[PDB]
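Below sits a lone chain in structure tokens, taken as the form deposited in one PDB entry.
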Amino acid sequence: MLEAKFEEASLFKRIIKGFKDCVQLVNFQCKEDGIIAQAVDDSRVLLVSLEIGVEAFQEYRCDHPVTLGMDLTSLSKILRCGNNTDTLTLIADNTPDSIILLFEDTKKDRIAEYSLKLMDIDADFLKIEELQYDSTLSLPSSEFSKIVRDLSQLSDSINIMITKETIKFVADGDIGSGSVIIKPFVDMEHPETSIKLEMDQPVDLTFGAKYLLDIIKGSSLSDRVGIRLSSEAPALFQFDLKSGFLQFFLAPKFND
């Protein structure tokens, strides 16, 4: 059996929002220590990887590992079905016919129990994170979201440039162009709005704006975003859950 109770369905709803642009069929491996999931998109330039730990739940029990594969169109539909504050419970049995999602409320009324038929997906799991990235940075999710959104209207390609104490976002398209230059600093009032940067090697990479627009949906889950860039491997954008994470690996646009 398996029973995992989120204190608030909002968290799972936002996490699943994080997958709008992958293969709508996604495997969720549920183990003794929590849930992991990963999904690639069609073009195979973007990988989404989620880990939710035991303590991110309100309650959690997984007697034996169980892989449940779900259609994210349909799970996303079923996840519109309650107030963000409802306690959401995933329930399954040893070999799962189907996953159960049970919503509960502040009031003692209205049991809302949904089911989702599980699919059979072949699990080709990707371990593509690097040890040392060329540069690491972190900044408020809100700020990163605004930068991406704004620059997205000028061209279909956003270019990240890292030099000593200088982070430069640039969109250069037919109509016009735009640049946003931020620099590291500590804001002692709220260490939230702080901007951190470690640069082992300067970097200059270009990304499809469609995919950055997808990636910034994770702002709903964390105050800060972490960006690891290197010229060799795909770039990593990470939003941290209370004991967990949602990660977006994105391959830079090719030059030719």
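Sequential numbering from 1, following the sequence displayed.
What comes next is about the form solved in complex with a partner chain, which does not appear here.
The partner chain in the deposited complex comes within 4.5 Å of a heavy atom belonging to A233. Contact check for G34: every heavy atom lies farther than 4.5 Å from the partner chain in the deposited complex.
Residue contact check for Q201: none of its heavy atoms lie within 4.5 Å of the partner chain in the deposited complex. Proximity of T206 to the partner chain in the deposited complex falls within the 4.5 Å heavy atom cutoff. In summary, among the residues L47, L68, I216, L50, the only one with a non-hydrogen atom within 4.5 Å of the partner chain in the deposited complex is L47.
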